[PDB]
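**Q**
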Amino acid sequence: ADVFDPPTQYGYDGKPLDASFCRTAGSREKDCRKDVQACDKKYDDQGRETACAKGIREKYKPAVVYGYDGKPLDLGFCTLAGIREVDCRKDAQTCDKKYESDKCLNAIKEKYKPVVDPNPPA
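FYI, mature numbering (1 follows the signal peptide of the UniProt record, and there is no 0) numbers position 102 of the sequence shown as 107, with every residue one higher than the one before it.
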């Protein structure tokens, strides 16, 4: 037997959940470097991401919209609203990590802005 399949054990293909992934985070690079060492087991027996691994990718997140499902589905946080789902769907990726998060948050607040008449003071 000369052919042996290469170890496909990574976290995102190419490399596992390591410091290099979090290096591009800058601020959260300091957090991840210690945190990655604290979470040692990393992966499930099946080779799936654990609850710990899922918390990691959420903090050191790239520019992608992920839902509670642990999947990159785009509707989860908007399906609760209804009509404003149209608005948040656009701005959602702006609240991705760092820079535009504050300004995107500002955009989301006016989506539910109370332009209604106040409750009767009795």
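Here a beta-carbon is modelled for each residue, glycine too, at the ideal position from N, C-alpha and C.
At what residues does the alpha helix (DSSP H) containing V41 begin and finish?
**A** In the sequence shown, residue 41 corresponds to position 36, counting from 1. Note, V41: alpha helix (DSSP H), 34-43.
**Q** Let's test the definition: count the other Cβ atoms within 10 Å of the Cβ of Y65 and tell me whether it reaches 16, buried, or not, exposed.
**A** Residue mapping note: residue 65 aligns to position 60 of the sequence shown, counting from 1. Buried, since its Cβ has 16 or more Cβ neighbours within 10 Å.
**Q** Using the Cα positions of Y73 and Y15, report the straight-line distance between them to the nearest angstrom.
**A** The sequence position of residue 73 within the sequence shown is 68, counting from 1. The sequence position of residue 15 within the sequence shown is 10, counting from 1. One C-alpha to the other measures close to 22 Å.
**Q** Taking only the alpha-carbon atoms, compute the straight-line gap between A68 and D10 and give it to the nearest angstrom.
**A** Within the sequence shown, the letter at position 63 stands for residue 68. Within the sequence shown, the letter at position 5 stands for residue 10. Straight-line Cα distance between these residues: approximately 32 Å.
**Q** Where does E105 sit, in a helix, a strand or coil, going by DSSP?
**A** As a first step, residue 105 is located in the sequence shown; it is residue number 100 there, counting from the start. Correct three-state label for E105: coil.
**Q** Measure the alpha-carbon distance for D92 versus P12 and round it to whole angstroms.
**A** Position 87 of the sequence shown, counted from the start, is the residue given in the question as residue 92. Position 7 of the sequence shown, counted from the start, is the residue given in the question as residue 12. Those two C-alpha atoms are separated by around 44 Å.
**Q** Quick one: Cα of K20 to Cα of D49, how far?
**A** Against the sequence shown, residue 20 aligns to sequence position 15. Against the sequence shown, residue 49 aligns to sequence position 44. Spanning the two alpha carbons is a distance of roughly 17 Å.
**Q** Keeping to the same chain, check which residues put their C-beta closer than 6 Å to that of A97; ignore five residues upstream and five downstream.
**A** For this step, residue 97 is matched to residue 92 along the sequence shown. The answer, listed in chain order, is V70.
**Q** Once you ignore the five residues that flank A24 on each side, which residues in its own chain have a CB closer than 8 Å to its CB?
**A** Looking up residue 24 in the sequence shown gives position 19. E34, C37, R38, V41.
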